[PDB]
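Heads up, what comes next is one protein chain in two forms, each shown on its own as structure tokens, labelled structure 1 and structure 2.
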Structure 1
């Protein structure tokens, strides 16, 4: 049961509603640049800001999901996606979100959002979803 005031904050922070709840997806290019799992300093501050905004209205559970394109080793992409999700998780922990309320998954190339047949598609598949689970 999310209040209208909580929904307002999620909307202002850029979340959109999906099957699993309120989701804010950011591409890996925005989040990490040419880094591996170290966030761009700017992206990290941005994420700390989102985290504090949710917590201010007692939104204090998040699920963090990492994705890669299909290009490359499945196993490597899998670990990378997970480490990338964990980088975002750590920002939410330091921002004051309980470790038990934070869930981190690496989904590798399993859950595309765009077509791996094009270089532009693949780029969109490399991403981390911030989800606030709600039914």
Structure 2
């Protein structure tokens, strides 16, 4: 029910800094992002979540097919971190959505940067 009101200041790991973003045309993570992911992975396991869907995305530069593949590679890189964090391999679904579902405006450098992402979805 409404036990969230008992929460104090610890464990708020889903803030603005928890986005999982990639550099232009990159499908690999850097130390800032991998550290971010491990903290997310640990937070999820701490609340007994052992199953996620990972959906990769690109900005809208280039052709659709290339971006579809790029988005899949991004989701794979995130899955690896989840496996190493202790999540069971069989419980991690990977999906690529390519350029089809932007969250930001592709007409700006900043917007394209926000679109280069993997969204972590916690299924029912």
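So that the term is clear: the rigid core is the largest set of C-alpha atoms that superpose within 1.5 Å between two forms. Residue numbers count along the first chain shown, from 1.
Annotation: Cα of residue 78 displaced by less than 2 Å between structure 1 and structure 2, core superposition. Residue 97 is not among the residues whose C-alpha shifts by 2 Å or more between structure 1 and structure 2 once the rigid core is aligned; its shift stays under 2 Å. Core-superposed comparison between structure 1 and structure 2: the CA of residue 69 exceeds or equals a 2 Å shift.
Comparing between structure 1 and structure 2 on a rigid core frame, one finds that residue 38 has its C-alpha moved by 1.5 Å. Aligning the rigid core leaves the CA of residue 112 displaced by 3.0 Å between structure 1 and structure 2.
The two forms line up on their rigid core, and residue 29 then has its Cα shifted by 9.3 Å between structure 1 and structure 2.
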